[PDB]
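Shown next: target35.pdb, given as PDB, C-alpha atoms and all ligand atoms.
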ATOM      1  CA  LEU A   1     -20.625 -50.840  40.357
ATOM      2  CA  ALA A   2     -18.831 -49.185  37.427
ATOM      3  CA  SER A   3     -20.129 -45.782  38.608
ATOM      4  CA  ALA A   4     -19.097 -46.459  42.208
ATOM      5  CA  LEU A   5     -15.515 -46.631  40.888
ATOM      6  CA  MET A   6     -15.701 -44.067  38.061
ATOM      7  CA  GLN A   7     -16.706 -41.353  40.543
ATOM      8  CA  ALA A   8     -12.899 -41.125  41.127
ATOM      9  CA  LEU A   9     -12.789 -39.588  37.614
TER
HETATM   10  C1  LIG A 101     -22.495 -49.307  40.011
HETATM   11  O1  LIG A 101     -21.793 -48.383  40.334
HETATM   12  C2  LIG A 101     -23.896 -49.074  39.492
HETATM   13  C3  LIG A 101     -24.547 -49.909  38.614
HETATM   14  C4  LIG A 101     -25.794 -49.533  38.163
HETATM   15  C5  LIG A 101     -26.350 -48.378  38.623
HETATM   16  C6  LIG A 101     -27.703 -47.967  38.117
HETATM   17  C7  LIG A 101     -28.201 -46.741  38.500
HETATM   18  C8  LIG A 101     -29.427 -46.335  38.028
HETATM   19  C9  LIG A 101     -30.114 -47.167  37.190
HETATM   20  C10 LIG A 101     -31.466 -46.726  36.656
HETATM   21  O2  LIG A 101     -31.930 -45.642  36.819
HETATM   22  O3  LIG A 101     -32.070 -47.727  35.952
HETATM   23  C11 LIG A 101     -33.342 -47.405  35.389
HETATM   24  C12 LIG A 101     -33.697 -48.597  34.497
HETATM   25  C13 LIG A 101     -29.560 -48.383  36.822
HETATM   26  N1  LIG A 101     -28.363 -48.752  37.274
HETATM   27  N2  LIG A 101     -25.722 -47.579  39.490
HETATM   28  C14 LIG A 101     -24.513 -47.927  39.924
HETATM   29  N1  LIG A 102     -14.882 -38.494  38.324
HETATM   30  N2  LIG A 102     -16.024 -37.788  38.041
HETATM   31  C1  LIG A 102     -16.003 -36.388  38.063
HETATM   32  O1  LIG A 102     -15.026 -35.755  38.340
HETATM   33  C2  LIG A 102     -17.340 -35.795  37.730
HETATM   34  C3  LIG A 102     -17.777 -34.683  38.429
HETATM   35  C4  LIG A 102     -19.003 -34.155  38.121
HETATM   36  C5  LIG A 102     -19.752 -34.727  37.116
HETATM   37  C6  LIG A 102     -21.101 -34.183  36.814
HETATM   38  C7  LIG A 102     -21.885 -34.829  35.880
HETATM   39  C8  LIG A 102     -23.147 -34.349  35.628
HETATM   40  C9  LIG A 102     -23.601 -33.249  36.324
HETATM   41  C10 LIG A 102     -25.020 -32.790  36.057
HETATM   42  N3  LIG A 102     -25.465 -31.725  36.830
HETATM   43  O2  LIG A 102     -25.762 -33.338  35.279
HETATM   44  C11 LIG A 102     -22.760 -32.643  37.232
HETATM   45  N4  LIG A 102     -21.534 -33.109  37.480
HETATM   46  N5  LIG A 102     -19.321 -35.801  36.451
HETATM   47  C12 LIG A 102     -18.140 -36.332  36.737
HETATM   48  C1  LIG A 103     -13.378 -48.037  35.767
HETATM   49  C2  LIG A 103     -12.346 -47.135  36.385
HETATM   50  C3  LIG A 103     -12.698 -46.287  37.407
HETATM   51  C4  LIG A 103     -11.757 -45.475  38.025
HETATM   52  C5  LIG A 103     -10.451 -45.447  37.588
HETATM   53  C6  LIG A 103      -9.421 -44.585  38.248
HETATM   54  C7  LIG A 103     -10.099 -46.281  36.540
HETATM   55  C8  LIG A 103     -11.025 -47.123  35.952
HETATM   56  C1  LIG A 104     -21.416 -42.452  44.266
HETATM   57  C2  LIG A 104     -22.259 -41.959  43.094
HETATM   58  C3  LIG A 104     -21.714 -41.919  41.821
HETATM   59  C4  LIG A 104     -22.478 -41.471  40.756
HETATM   60  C5  LIG A 104     -23.784 -41.059  40.966
HETATM   61  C6  LIG A 104     -24.323 -41.097  42.241
HETATM   62  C7  LIG A 104     -25.761 -40.642  42.470
HETATM   63  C8  LIG A 104     -23.562 -41.546  43.306
HETATM   64  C1  LIG A 105     -19.764 -41.731  37.901
HETATM   65  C2  LIG A 105     -19.067 -41.495  36.562
HETATM   66  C3  LIG A 105     -17.950 -40.687  36.496
HETATM   67  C4  LIG A 105     -17.296 -40.476  35.296
HETATM   68  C5  LIG A 105     -17.769 -41.094  34.142
HETATM   69  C6  LIG A 105     -18.893 -41.899  34.202
HETATM   70  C7  LIG A 105     -19.462 -42.572  32.951
HETATM   71  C8  LIG A 105     -19.535 -42.106  35.408
HETATM   72  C1  LIG A 106     -27.473 -42.949  37.264
HETATM   73  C2  LIG A 106     -26.197 -42.332  36.788
HETATM   74  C3  LIG A 106     -25.001 -42.970  37.073
HETATM   75  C4  LIG A 106     -23.789 -42.445  36.652
HETATM   76  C5  LIG A 106     -23.758 -41.252  35.951
HETATM   77  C6  LIG A 106     -24.947 -40.600  35.656
HETATM   78  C7  LIG A 106     -26.163 -41.127  36.062
HETATM   79  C8  LIG A 106     -27.401 -40.376  35.718
END
Just give me the structure of the file as structure tokens.
Ligand SMILES: *C(=O)c1ccc(-c2ccc(C(=O)OCC)cn2)nc1
Ligand SMILES: *NNC(=O)c1ccc(-c2ccc(C(N)=O)cn2)nc1
Ligand SMILES: Cc1ccc(C)cc1
Ligand SMILES: Cc1cccc(C)c1
Ligand SMILES: Cc1cccc(C)c1
Ligand SMILES: Cc1ccccc1C
Amino acid sequence: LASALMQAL
């Protein structure tokens, strides 16, 4: 999950 969001950065 964290990665799914952090892809933005
Ligand atoms: C959420 O974006 C998220 C959570 C966890 C993972 C993930 C990817 C790969 C592994 C892995 O290779 O585990 C080997 C023990 C674990 N967790 N991706 C995305
Ligand atoms: N928000 N994330 C990024 O902007 C981002 C772009 C690209 C990468 C990355 C990481 C690792 C590799 C590699 N070939 O091992 C390539 N590109 N990380 C973050
Ligand atoms: C965990 C996280 C991912 C993306 C942004 C833009 C901020 C925090
Ligand atoms: C969406 C996404 C983020 C990070 C890494 C992978 C393979 C996919
Ligand atoms: C998918 C991803 C982007 C930026 C930083 C991290 C740790 C993960
Ligand atoms: C599985 C994974 C997730 C996020 C960043 C790098 C890697 C190897």
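Using only C-alpha atoms and all ligand atoms, residues with at least one atom at most 7 Å away from any atom of ligand LIG 104 (chain A) are residues 3, 4 and 7 of chain A.
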Taking C-alpha atoms for each residue, export the selection above as a PDB file, in the coordinates of the input.
ATOM      1  CA  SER A   3     -20.129 -45.782  38.608  1.00  0.00           C
ATOM      2  CA  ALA A   4     -19.097 -46.459  42.208  1.00  0.00           C
ATOM      3  CA  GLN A   7     -16.706 -41.353  40.543  1.00  0.00           C
TER       4      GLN A   7
END
**Asked** Hey, which residues come within 7 Å of ligand LIG 103 (chain A) if we count all atoms listed in the file? Could you give them as a PyMOL selection string?
**Response** chain A and resi 2+5-9
Report as lines of an AutoDock Vina configuration file the centre and the edge lengths, in Å to one decimal, of the axis-aligned box holding every listed atom of ligand LIG 101 (chain A), padded by 8 Å on each side.
center_x = -27.7
center_y = -47.8
center_z = 37.4
size_x = 27.9
size_y = 20.3
size_z = 21.8
**Request:** Take atom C5 of ligand LIG 101 (chain A) and atom CA of residue A:1 and report the distance between them in Å, one decimal.
**Result:**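 It comes out at 6.5 Å.
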